[PDB]
Amino acid sequence: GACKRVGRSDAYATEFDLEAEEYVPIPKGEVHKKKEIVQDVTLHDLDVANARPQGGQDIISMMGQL
Amino acid sequence: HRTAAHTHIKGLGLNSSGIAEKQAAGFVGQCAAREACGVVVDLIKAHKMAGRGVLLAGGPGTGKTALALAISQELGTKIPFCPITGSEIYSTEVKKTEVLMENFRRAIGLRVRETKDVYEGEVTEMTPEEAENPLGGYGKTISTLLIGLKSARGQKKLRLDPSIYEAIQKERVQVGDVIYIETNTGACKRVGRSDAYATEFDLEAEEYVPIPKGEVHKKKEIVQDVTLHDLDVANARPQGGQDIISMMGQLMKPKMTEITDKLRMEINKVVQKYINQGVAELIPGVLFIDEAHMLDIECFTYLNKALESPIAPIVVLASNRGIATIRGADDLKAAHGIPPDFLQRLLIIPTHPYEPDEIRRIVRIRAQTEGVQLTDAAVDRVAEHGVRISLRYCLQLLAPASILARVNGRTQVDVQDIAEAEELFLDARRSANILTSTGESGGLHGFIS
Amino acid sequence: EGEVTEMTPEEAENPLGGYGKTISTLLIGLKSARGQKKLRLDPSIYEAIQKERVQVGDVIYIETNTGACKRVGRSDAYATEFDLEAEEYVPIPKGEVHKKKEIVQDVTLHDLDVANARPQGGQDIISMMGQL
Amino acid sequence: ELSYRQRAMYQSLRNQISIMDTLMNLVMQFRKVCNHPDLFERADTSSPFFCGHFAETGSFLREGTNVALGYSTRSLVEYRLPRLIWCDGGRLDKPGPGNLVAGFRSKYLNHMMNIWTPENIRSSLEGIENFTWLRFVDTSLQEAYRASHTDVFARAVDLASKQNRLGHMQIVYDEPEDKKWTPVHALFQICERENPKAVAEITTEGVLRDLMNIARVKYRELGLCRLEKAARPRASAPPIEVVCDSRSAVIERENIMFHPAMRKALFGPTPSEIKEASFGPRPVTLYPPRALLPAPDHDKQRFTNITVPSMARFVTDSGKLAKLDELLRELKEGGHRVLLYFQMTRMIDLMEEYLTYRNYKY
Amino acid sequence: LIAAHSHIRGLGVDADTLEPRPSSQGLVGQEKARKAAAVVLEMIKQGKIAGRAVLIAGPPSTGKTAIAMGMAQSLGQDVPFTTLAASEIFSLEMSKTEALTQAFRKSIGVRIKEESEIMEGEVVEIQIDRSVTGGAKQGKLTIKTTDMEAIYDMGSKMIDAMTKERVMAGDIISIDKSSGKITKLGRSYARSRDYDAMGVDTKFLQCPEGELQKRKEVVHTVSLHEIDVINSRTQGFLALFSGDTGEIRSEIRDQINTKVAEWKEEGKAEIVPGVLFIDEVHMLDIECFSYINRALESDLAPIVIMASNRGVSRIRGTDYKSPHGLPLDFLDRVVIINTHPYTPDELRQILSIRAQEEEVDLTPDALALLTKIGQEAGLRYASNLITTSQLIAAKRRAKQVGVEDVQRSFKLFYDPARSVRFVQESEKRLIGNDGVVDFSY
Amino acid sequence: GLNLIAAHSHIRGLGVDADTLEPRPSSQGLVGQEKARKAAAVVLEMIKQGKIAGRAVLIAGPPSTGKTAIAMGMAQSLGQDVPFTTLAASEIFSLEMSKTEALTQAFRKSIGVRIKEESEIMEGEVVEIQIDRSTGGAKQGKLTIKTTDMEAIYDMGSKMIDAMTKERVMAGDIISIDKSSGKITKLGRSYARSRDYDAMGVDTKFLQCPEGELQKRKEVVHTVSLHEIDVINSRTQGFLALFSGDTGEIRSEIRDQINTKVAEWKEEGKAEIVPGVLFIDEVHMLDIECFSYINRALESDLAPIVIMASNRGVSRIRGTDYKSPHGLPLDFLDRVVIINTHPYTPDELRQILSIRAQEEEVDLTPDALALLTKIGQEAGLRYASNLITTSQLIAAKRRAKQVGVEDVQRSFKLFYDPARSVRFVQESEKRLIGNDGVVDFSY
Amino acid sequence: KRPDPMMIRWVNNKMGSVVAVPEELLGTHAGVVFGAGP
Ligand SMILES: Nc1ncnc2c1ncn2[C@@H]1O[C@H](COP(=O)(O)OP(=O)(O)O)[C@@H](O)[C@H]1O
Ligand SMILES: Nc1ncnc2c1ncn2[C@@H]1O[C@H](COP(=O)(O)OP(=O)(O)O)[C@@H](O)[C@H]1O
Ligand SMILES: Nc1ncnc2c1ncn2[C@@H]1O[C@H](COP(=O)(O)OP(=O)(O)O)[C@@H](O)[C@H]1O
């Protein structure tokens, strides 16, 4: 359920002559890829993840202090 | 008006040739030390050398603190003089070497010209415009505010960014208010109601203010005095923007933090650009560490790095101790209570104990400063205590004796009033004898040991 | 105190111009386990009823030092109105419909220290983060 | 005698004498400061030094009447990162190509192997198992799962949408026959169901209410909410920013540093939402029910370090004007309202401002 | 309640000659110390002198606190009198230096003068408009005297206050426009009967008279520490009461010192220097003393009064002993006042004063015996027996404390000397300094 | 400028022949210490080659024998191309984090990741902007921009119109656009339009128009330390903690992930690793717990080279009650090589004083230089260097053009050296506060 | 003159108290308490 915007396809690169945009080539490979990944975690990673909201869940962490 | 220990010191009392006048500017004597402190003053005003150390070494009461205060007055109020005791270095919030760096950078001044680019006027109209956020979950958001500002000379309509509208919301602005909008920060200040609405019939004490003169849009030039420490702190815990971090930073408890050397080197580059742009001038000053024997071996080791910094201030240390144990280094003893290693970096100005006639002359200066009149027999009697006990002790008698004199209606202190002050107010050594004599016996009436 | 048996406006005899309705009283029937009373309340209580979302059959109290009301919940006399409802149902008050009595409060002075140094009821974000 | 403001100006002028031992212009501006320091450099609305970039206006004449004020405020400390680090998987938590760990780890540690997910809690909900208490703490499995995953700010907004109903039960369920009734699903919520505060809100003489308000009453009685600020920060800055030449970095700056949901919580509902909430056929709740930004402790300074000059300073900043004010407030018994003469024309204008402050007629 | 120093109600000295009376204002004896203290009051009241450190020294009891507490009673309400126990300076929130800086600045007052306008009148009408489902509020108040009527706009903050106060027509209210406080004072006529739940009935008042507005000067005294706290923060002025202030940065205090001088020259503020009383100062450590050396040198320093029981004693944080437990370069800055142990004729007077304060009626024989006990066991012990004997006498329904009641109190409650003997006579059954003990009979 | 004359300002490098590593008797500001400067030159070769991980070198010698001077020389001869971290051992004693955390962070600052990224950048003088706001704004707009060599119009997308209106771009502004992200930086104002800038004060500077292509692929080289990647990944704006310094004890599993990620970038060629050097001045101020940590932090492929300086003899190790050479435990000295610095001869003292006198603005007569050299032998090199500044100020006050012997003699009289100051405390012993706290204030 | 469509008015005087509701709010959820909902 992860997703990422890589950019705007450079077939649209001349929509305008200037726009604040990152034009990237269309992917040249297969549009769908299936990969076997062996993933390692530790019991401590589970502890940490269960003790407190982590990463982008905990945005207010940016204030530091408490 | 209020008179403190050093209120008579006004300066080093030197000639234009740099030689001490034997009694000038509140001083008596210390002539060799006053001359050396003159050369320190000239080292600072030259603003060319970083990181030179000076030790005021000499017994308690020999004017080391007076001299440091005289340096501050010879330099005047443009130059940072940053006085601390060694006891202040022991913060609970941050490491001791952090408060050394903060105080090093408080000792370096900067004068900078700043352009405030600003909008002003009576708010004539104010109208929000909105974004229909489909799936953010927070609902709608205001996309801009349109606001009409009117001055005496002209008028504008401003389409404000949302983050500037949030500033206006915080400032509780309404139509007919006069407001100020600093585009540097995006901050908004409500100056008041327009005088066009000036009426008694509102329960709240409104500021009715006249319409701003001139154009709605202005640029103001302001000359600001800041230290490098103020810039460090501003950028460590930011509070100037209208972003969410700045906003919440104004609500959280103030807290010192161990500002990194990355921030300090970055702020050097910022200041260097103000200098190259010609908007700023550097005003390097002086840090006075009183009671420097109360530092510790970690502090002194840190000064060996810190004084190498190419923008370090001038550091004046005072110590009153003979051969003494270095704190935190209980096996190591050295003169002044200063490690031998760090002592090699300093120029030592020794100060010396006073003669009986210098003490007599200090009594008169100090009596004049507290505004109390003595007979010459009184001045002689007090000077005797300065010789026999201590300068500090004899100066403490002037204020008690003046009250005791006035209590008998005599406006001038005479020997009877000092003779009474001696008996009401003991010195350390008369009190120490009472301890020892009574301490022959315990029981109910013993002093607790 | 009671469950709200009824809520009923009275139109005013001198309605204001340009307004669709003018209400001079807001009658509320309160039922406790021990009685029934018609409260002829001041019209301004409309504010609390809307904000508290008071319905007929909800248990409420009205305090005379403010004249507002607070909602305790929906009476469990209605716990069968639906197969599913997001209500906690609360019993009808077993006191009189009008409860006037003296109450004795015991506090240590330390409780007053903490109640002042750490105020508890704050509605703002910083108070609410605080209590969490 | 000169005011401290006059004294500072006069001193800076006699610093010029170090060159000179223009003296005609010097003595003329000595005369100005001795009249009023606002003749020399008028006091104005002021703020700390701002240590930041902003876009300044280059031309006033070409700006016109309609202009868009963008938010240009930017840090001069300007941390530059390659997009390899800041965007393309040098950040461990953000999934993407070249960060294959992060998407897996996000799902498994927050949902699959996470003790707080409702499917996991429900297995432990009984006996002496670790969520056995959940039955009595007045929270659902859904709410337990929410509180474990949202941060303390988001939870605090959700807490705004709640009611102190256990405190109201203390008012209502009061008689011995009520047996201190408490919902069994709220049984362990002991200190909320009984504390003195709720009762003290309701008693007709607020003795225990006043005792709990002393600290804030005293604070306001001292006028410390209204006294002029005696200090402020000398410099002020906006937050440091990453500079990374990617569009994603710019998007991320807006998402975090100008975070919409936090801002919406702080400043509350928009005007259209208030209309839709008010004209609808049925009530509707609002994302925050109210603006959650606190009230400022200082009634006049509020959330800014901007300071505005005042007529009180204006009178006292000239020693002559301060002295003149004292004698005018008795010569009012004689009249002579315009028996005043000036060697400088602008001094007459300043005196009109003073007189209008005094409301003294010409 | 009655406390240890409740009888002390002044310093007991002639205000003209500063001569101590042998008994006055609850103080007895110690005449040299009481005269020396009377002079220090003059230094305080004049305020010109900054940073004089006075040490009251003497053996336990002998009234070192009693004299310092007598001074507090002589200064009255306007002057700050901060009392520190030296053990309060050790903190986890802040450094000792910061704790001392705050206590020094607590001892300097700032008497601000402000002028305020108060309205007072009968409310004739009140009108409030409220948004549905929103915060927007506006309103108008029609308010009356026997001689004026006017309609005032109300903002949202007023409407909140007005409803909190339940302002209704016929209420007499006053409004301070500066603070925004509303207070009700009564009603011009009965509370109307048609509505229920209308609240408690008020006082009656006739309508206020004259003008609605009047100006009123109001004076507020705040310490420099309060100003420090308020200005180190945007938000959180609750820290003034909660502690929790952190280590306030020194460049803030520099600014406050300048502004207070500016406020003084402008006539905005009057600075009011008070005293810091440090009790049991021998509890400070060597770093504290090094700070105080130079805190005293400021022109904003208070006068600092200190008490010590110590003989030649080890300085804390230090290897070596020194008189009073205080270091010598500190004592160079300090004048010492010595208290002395009491004569039996003084103990009899002090005990008589305690008995009067505690409302206890001693027989002359009980007072004689308590005086004798006072010589052998100390003034505090004999003062404790006064309260105890009163209770024992009351249980037997005696009118007065007799010798029999004092003797029984002496029997029940051990003299600090007898307890030391008891400790010696059971050294095996009490736990030793090496932890050994025997529990067997 | 901002950079004032500090104690080490004269040191520009190591003064060593790049071919043979033979040190020259004086060059680049370093005099003598030839055997020590040769050894420091060998260490630079190790640092610059990057091959060797976690060597620890101790510079051991008496005070004021150029241990810091040699350390400054190495920093200057590596330049900005290598991470150089300068740590005072006193800094490890944080309250924000444990000592070993602070030592990990210091090690991590001293390994760099070097990353190369291109961007197209557009730079030129603005000839014109028009924007049509209708009325919500940013509906369309055109930018005309030029160099001396080219001119173009651009149709602008609406977010570029927002960038332009935010940065208040107007005709005559010289701007750069990082078009991969659309930030505008206003490089300056053209002189050719000076009259249009009616609001700019007279202090305003003006540039010439840019030149060449309006668009260039600029390549930027970044170095980011391992510590920065760690701190970035610690919280939502963790990079801010690189400045405020409130990094907690960053969890070690974060660092291990980063170590793996960086080895991945190395093998893919996306990044290069640049091992730097950590300099620990007064290494004897570390305690026994620090030394046992450093032992094993050195044994890692991501360890910098470490360089340490100590004045200490056989001295007590901190955190224990026994004594060891340099104040350092033998367990640690086994993994260290020592470079020893000697005292200077008088002709070296003369040269160092001369260089210090030329770095400062001081015209020094030959006899004053001879006198300062005698003082150097007897009072120490630091004291004599401090007298240079003093004598200049004394000469200046009497308006003299050169520092003469007369001026050095005032300085010698006014400011005591260490040994004279030691005698002063011994003769003043009853008047100073002794180690027993006793003192007599009386005459 | 016409009242603000969104503001309900309370007013109190010697005769007691009334609330008055905009006809724009009758037929909304706000009207229900006044007996004039949708
Ligand atoms: N040469 C002097 N002339 C006049 N007053 C002096 C002189 N030296 C010291 N004093 C005064 O005597 C007191 C003691 O000096 P101080 O500087 O406090 O000694 P220390 O070296 O312990 O700091 C202070 O009140 C100071 O103002
Ligand atoms: N001279 C005195 N006159 C009146 N009461 C005294 C006198 N001396 C001591 N007391 C009282 O006896 C008790 C002990 O004296 P206190 O001042 O506490 O001694 P210390 O010097 O140890 O602080 C206190 O209750 C005090 O009120
Ligand atoms: N060989 C040298 N060449 C040039 N300058 C030197 C030399 N040795 C020392 N110095 C300078 O003399 C001073 C003392 O030497 P330094 O290296 O700081 O002392 P330490 O060895 O105690 O750290 C410094 O200013 C340093 O720059």
# chains A, B, ... in the order shown; residues from 1 in each chain; ligands from 1

$ residues_around --residues "region 89-102 of chain C" --least-positions-apart "6" --cutoff "8 Å" --atoms "only C-alpha atoms" --output "list in words"
residues 1, 2, 3, 30, 31, 32, 33, 34, 35, 36, 37, 59, 72, 73, 74, 75, 76, 77, 78 and 79 of chain C; 172, 173, 174, 175, 177, 178 and 183 of chain D

$ write_last_selection --atoms "N, CA and C atoms" --output "mmCIF file, in the first residue's frame"
data_model
loop_
_atom_site.group_PDB
_atom_site.id
_atom_site.type_symbol
_atom_site.label_atom_id
_atom_site.label_comp_id
_atom_site.auth_asym_id
_atom_site.auth_seq_id
_atom_site.Cartn_x
_atom_site.Cartn_y
_atom_site.Cartn_z
ATOM 1 N N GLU C 1 -32.953 18.291 37.827
ATOM 2 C CA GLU C 1 -32.535 17.068 37.167
ATOM 3 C C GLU C 1 -33.731 16.260 36.716
ATOM 4 N N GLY C 2 -33.519 15.495 35.663
ATOM 5 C CA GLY C 2 -34.494 14.535 35.197
ATOM 6 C C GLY C 2 -34.141 14.107 33.796
ATOM 7 N N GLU C 3 -34.955 13.202 33.260
ATOM 8 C CA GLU C 3 -35.078 13.104 31.814
ATOM 9 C C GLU C 3 -35.986 14.207 31.298
ATOM 10 N N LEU C 30 -39.185 18.112 33.335
ATOM 11 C CA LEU C 30 -38.195 17.206 33.897
ATOM 12 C C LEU C 30 -38.880 16.147 34.742
ATOM 13 N N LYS C 31 -38.513 14.889 34.516
ATOM 14 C CA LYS C 31 -38.975 13.761 35.310
ATOM 15 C C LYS C 31 -37.809 13.112 36.036
ATOM 16 N N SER C 32 -37.914 12.995 37.345
ATOM 17 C CA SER C 32 -37.053 12.103 38.104
ATOM 18 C C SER C 32 -37.837 10.869 38.522
ATOM 19 N N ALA C 33 -37.142 9.943 39.182
ATOM 20 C CA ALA C 33 -37.809 8.786 39.764
ATOM 21 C C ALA C 33 -38.848 9.177 40.800
ATOM 22 N N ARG C 34 -38.823 10.415 41.280
ATOM 23 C CA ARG C 34 -39.686 10.842 42.369
ATOM 24 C C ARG C 34 -40.634 11.987 42.030
ATOM 25 N N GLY C 35 -40.659 12.479 40.794
ATOM 26 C CA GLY C 35 -41.595 13.548 40.494
ATOM 27 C C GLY C 35 -41.473 14.051 39.073
ATOM 28 N N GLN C 36 -42.379 14.966 38.742
ATOM 29 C CA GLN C 36 -42.450 15.626 37.448
ATOM 30 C C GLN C 36 -42.583 17.121 37.683
ATOM 31 N N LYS C 37 -41.832 17.924 36.929
ATOM 32 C CA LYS C 37 -41.931 19.371 37.060
ATOM 33 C C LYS C 37 -41.779 20.054 35.707
ATOM 34 N N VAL C 59 -31.303 12.614 29.770
ATOM 35 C CA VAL C 59 -31.106 13.028 31.155
ATOM 36 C C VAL C 59 -30.157 14.217 31.191
ATOM 37 N N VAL C 72 -26.342 14.515 30.503
ATOM 38 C CA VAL C 72 -25.732 13.331 31.092
ATOM 39 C C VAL C 72 -25.745 12.175 30.107
ATOM 40 N N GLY C 73 -26.850 12.000 29.397
ATOM 41 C CA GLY C 73 -26.954 10.961 28.396
ATOM 42 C C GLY C 73 -28.403 10.763 28.015
ATOM 43 N N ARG C 74 -28.642 9.726 27.218
ATOM 44 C CA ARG C 74 -29.998 9.286 26.929
ATOM 45 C C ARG C 74 -30.490 8.322 27.997
ATOM 46 N N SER C 75 -31.733 8.511 28.422
ATOM 47 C CA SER C 75 -32.331 7.619 29.403
ATOM 48 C C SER C 75 -32.435 6.202 28.866
ATOM 49 N N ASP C 76 -32.121 5.229 29.719
ATOM 50 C CA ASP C 76 -32.214 3.816 29.366
ATOM 51 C C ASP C 76 -33.647 3.316 29.232
ATOM 52 N N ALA C 77 -34.641 4.138 29.563
ATOM 53 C CA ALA C 77 -36.016 3.869 29.158
ATOM 54 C C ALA C 77 -36.169 3.746 27.649
ATOM 55 N N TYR C 78 -35.209 4.248 26.880
ATOM 56 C CA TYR C 78 -35.234 4.214 25.426
ATOM 57 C C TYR C 78 -34.216 3.257 24.840
ATOM 58 N N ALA C 79 -33.591 2.419 25.658
ATOM 59 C CA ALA C 79 -32.536 1.549 25.162
ATOM 60 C C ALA C 79 -33.009 0.568 24.097
ATOM 61 N N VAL D 172 -25.339 14.433 39.124
ATOM 62 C CA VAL D 172 -26.662 13.837 39.001
ATOM 63 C C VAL D 172 -26.814 12.611 39.890
ATOM 64 N N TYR D 173 -25.940 11.626 39.710
ATOM 65 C CA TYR D 173 -25.969 10.378 40.474
ATOM 66 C C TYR D 173 -25.254 10.565 41.802
ATOM 67 N N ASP D 174 -26.035 10.904 42.816
ATOM 68 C CA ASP D 174 -25.565 11.680 43.947
ATOM 69 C C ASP D 174 -26.159 11.091 45.215
ATOM 70 N N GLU D 175 -27.420 10.684 45.150
ATOM 71 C CA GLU D 175 -28.073 10.124 46.309
ATOM 72 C C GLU D 175 -27.536 8.731 46.611
ATOM 73 N N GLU D 177 -29.147 6.018 46.901
ATOM 74 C CA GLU D 177 -29.803 5.073 46.008
ATOM 75 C C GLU D 177 -29.206 5.054 44.612
ATOM 76 N N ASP D 178 -28.570 6.139 44.179
ATOM 77 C CA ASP D 178 -27.820 6.090 42.934
ATOM 78 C C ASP D 178 -26.570 5.238 43.052
ATOM 79 N N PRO D 183 -21.111 3.811 34.560
ATOM 80 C CA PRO D 183 -21.139 2.814 33.490
ATOM 81 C C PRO D 183 -20.031 1.792 33.671
#

$ residues_near_ligand --ligand "ligand 2" --cutoff "10 Å" --atoms "only C-alpha atoms and all ligand atoms" --output "count of residues only"
60

$ atom_distance --atom1 "CA of residue 417 (chain B)" --atom2 "CA of residue 18 (chain E)"
13.4 Å

$ closest_atom_pairs --of "chain B" --to "chain D" --cutoff "6 Å" --atoms "only C-alpha atoms" --output "CSV"
residue,atom,partner,partner_atom,distance
B:138,CA,D:261,CA,5.4
B:156,CA,D:65,CA,4.6
B:157,CA,D:66,CA,5.1
B:158,CA,D:67,CA,5.3
B:159,CA,D:68,CA,4.6
B:160,CA,D:69,CA,4.9
B:161,CA,D:70,CA,5.1
B:184,CA,D:54,CA,5.6
B:185,CA,D:73,CA,5.9
B:230,CA,D:235,CA,5.7
B:231,CA,D:235,CA,5.9
B:234,CA,D:236,CA,4.9
B:235,CA,D:237,CA,5.6
B:238,CA,D:239,CA,5.2
B:240,CA,D:237,CA,4.6
B:241,CA,D:238,CA,4.4
B:243,CA,D:258,CA,5.2
B:244,CA,D:258,CA,5.6

$ write_last_selection --atoms "N, CA and C atoms" --output "PDB file, in the first residue's frame"
ATOM      1  N   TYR B 138      -9.268  17.372   6.660  1.00  0.00           N
ATOM      2  CA  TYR B 138      -9.356  18.544   7.516  1.00  0.00           C
ATOM      3  C   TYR B 138     -10.439  19.517   7.065  1.00  0.00           C
ATOM      4  N   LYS B 156      -4.451  50.613  -1.119  1.00  0.00           N
ATOM      5  CA  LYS B 156      -4.153  49.382  -1.830  1.00  0.00           C
ATOM      6  C   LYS B 156      -5.140  48.303  -1.433  1.00  0.00           C
ATOM      7  N   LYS B 157      -5.282  47.315  -2.311  1.00  0.00           N
ATOM      8  CA  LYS B 157      -5.926  46.051  -1.983  1.00  0.00           C
ATOM      9  C   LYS B 157      -4.914  44.926  -2.117  1.00  0.00           C
ATOM     10  N   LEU B 158      -4.733  44.175  -1.039  1.00  0.00           N
ATOM     11  CA  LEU B 158      -3.730  43.130  -0.936  1.00  0.00           C
ATOM     12  C   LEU B 158      -4.389  41.763  -0.960  1.00  0.00           C
ATOM     13  N   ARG B 159      -3.922  40.900  -1.848  1.00  0.00           N
ATOM     14  CA  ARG B 159      -4.288  39.488  -1.835  1.00  0.00           C
ATOM     15  C   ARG B 159      -3.242  38.720  -1.032  1.00  0.00           C
ATOM     16  N   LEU B 160      -3.530  38.486   0.246  1.00  0.00           N
ATOM     17  CA  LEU B 160      -2.576  37.871   1.159  1.00  0.00           C
ATOM     18  C   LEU B 160      -2.489  36.360   1.002  1.00  0.00           C
ATOM     19  N   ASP B 161      -1.267  35.852   1.099  1.00  0.00           N
ATOM     20  CA  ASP B 161      -0.996  34.439   1.322  1.00  0.00           C
ATOM     21  C   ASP B 161      -1.715  33.923   2.572  1.00  0.00           C
ATOM     22  N   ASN B 184       8.875  41.242   5.977  1.00  0.00           N
ATOM     23  CA  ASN B 184      10.056  40.461   6.333  1.00  0.00           C
ATOM     24  C   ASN B 184       9.670  39.174   7.040  1.00  0.00           C
ATOM     25  N   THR B 185       8.864  39.296   8.078  1.00  0.00           N
ATOM     26  CA  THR B 185       8.407  38.176   8.874  1.00  0.00           C
ATOM     27  C   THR B 185       7.080  37.612   8.400  1.00  0.00           C
ATOM     28  N   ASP B 230      22.782  36.196  20.056  1.00  0.00           N
ATOM     29  CA  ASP B 230      21.397  36.429  19.665  1.00  0.00           C
ATOM     30  C   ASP B 230      21.059  35.799  18.324  1.00  0.00           C
ATOM     31  N   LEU B 231      21.982  35.829  17.374  1.00  0.00           N
ATOM     32  CA  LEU B 231      21.735  35.168  16.101  1.00  0.00           C
ATOM     33  C   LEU B 231      21.714  33.659  16.252  1.00  0.00           C
ATOM     34  N   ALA B 234      18.397  32.750  17.911  1.00  0.00           N
ATOM     35  CA  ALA B 234      17.274  32.954  17.011  1.00  0.00           C
ATOM     36  C   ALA B 234      17.135  31.794  16.038  1.00  0.00           C
ATOM     37  N   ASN B 235      18.243  31.297  15.523  1.00  0.00           N
ATOM     38  CA  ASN B 235      18.245  30.225  14.544  1.00  0.00           C
ATOM     39  C   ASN B 235      18.228  28.824  15.130  1.00  0.00           C
ATOM     40  N   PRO B 238      13.710  28.573  16.291  1.00  0.00           N
ATOM     41  CA  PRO B 238      13.104  29.607  15.451  1.00  0.00           C
ATOM     42  C   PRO B 238      11.706  30.008  15.882  1.00  0.00           C
ATOM     43  N   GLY B 240      10.400  33.257  14.231  1.00  0.00           N
ATOM     44  CA  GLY B 240      10.082  34.416  13.430  1.00  0.00           C
ATOM     45  C   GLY B 240       9.120  34.220  12.277  1.00  0.00           C
ATOM     46  N   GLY B 241       9.033  33.014  11.752  1.00  0.00           N
ATOM     47  CA  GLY B 241       8.146  32.728  10.646  1.00  0.00           C
ATOM     48  C   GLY B 241       6.703  32.515  11.050  1.00  0.00           C
ATOM     49  N   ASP B 243       5.183  29.790   9.697  1.00  0.00           N
ATOM     50  CA  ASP B 243       5.052  28.350   9.604  1.00  0.00           C
ATOM     51  C   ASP B 243       4.630  27.736  10.937  1.00  0.00           C
ATOM     52  N   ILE B 244       4.285  26.449  10.886  1.00  0.00           N
ATOM     53  CA  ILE B 244       3.748  25.765  12.056  1.00  0.00           C
ATOM     54  C   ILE B 244       4.816  25.537  13.120  1.00  0.00           C
TER      55      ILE B 244
END

$ interface_residues --of "chain A" --to "chain D" --cutoff "6 Å" --atoms "only C-alpha atoms" --output "VMD selection string"
chain A and resid 2 4 21 to 22 49 53 58

$ write_last_selection --atoms "N, CA and C atoms" --output "PDB file, in the first residue's frame"
ATOM      1  N   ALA A   2       2.107   1.178  -0.234  1.00  0.00           N
ATOM      2  CA  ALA A   2       2.967   2.329  -0.431  1.00  0.00           C
ATOM      3  C   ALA A   2       2.871   2.848  -1.859  1.00  0.00           C
ATOM      4  N   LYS A   4       4.516   6.290  -4.454  1.00  0.00           N
ATOM      5  CA  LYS A   4       5.409   7.429  -4.583  1.00  0.00           C
ATOM      6  C   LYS A   4       5.186   8.103  -5.925  1.00  0.00           C
ATOM      7  N   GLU A  21       8.502  22.077 -12.083  1.00  0.00           N
ATOM      8  CA  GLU A  21       8.096  20.685 -12.149  1.00  0.00           C
ATOM      9  C   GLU A  21       9.289  19.834 -12.556  1.00  0.00           C
ATOM     10  N   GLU A  22       9.285  18.578 -12.120  1.00  0.00           N
ATOM     11  CA  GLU A  22      10.376  17.625 -12.330  1.00  0.00           C
ATOM     12  C   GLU A  22       9.963  16.597 -13.385  1.00  0.00           C
ATOM     13  N   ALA A  49       8.276  -0.094  17.476  1.00  0.00           N
ATOM     14  CA  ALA A  49       7.087   0.193  16.686  1.00  0.00           C
ATOM     15  C   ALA A  49       5.805   0.126  17.500  1.00  0.00           C
ATOM     16  N   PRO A  53       4.103   5.873  18.309  1.00  0.00           N
ATOM     17  CA  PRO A  53       3.985   6.225  16.888  1.00  0.00           C
ATOM     18  C   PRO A  53       5.326   6.621  16.293  1.00  0.00           C
ATOM     19  N   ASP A  58       4.311  10.522  13.502  1.00  0.00           N
ATOM     20  CA  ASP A  58       4.620  11.390  14.632  1.00  0.00           C
ATOM     21  C   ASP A  58       5.286  12.639  14.068  1.00  0.00           C
TER      22      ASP A  58
END
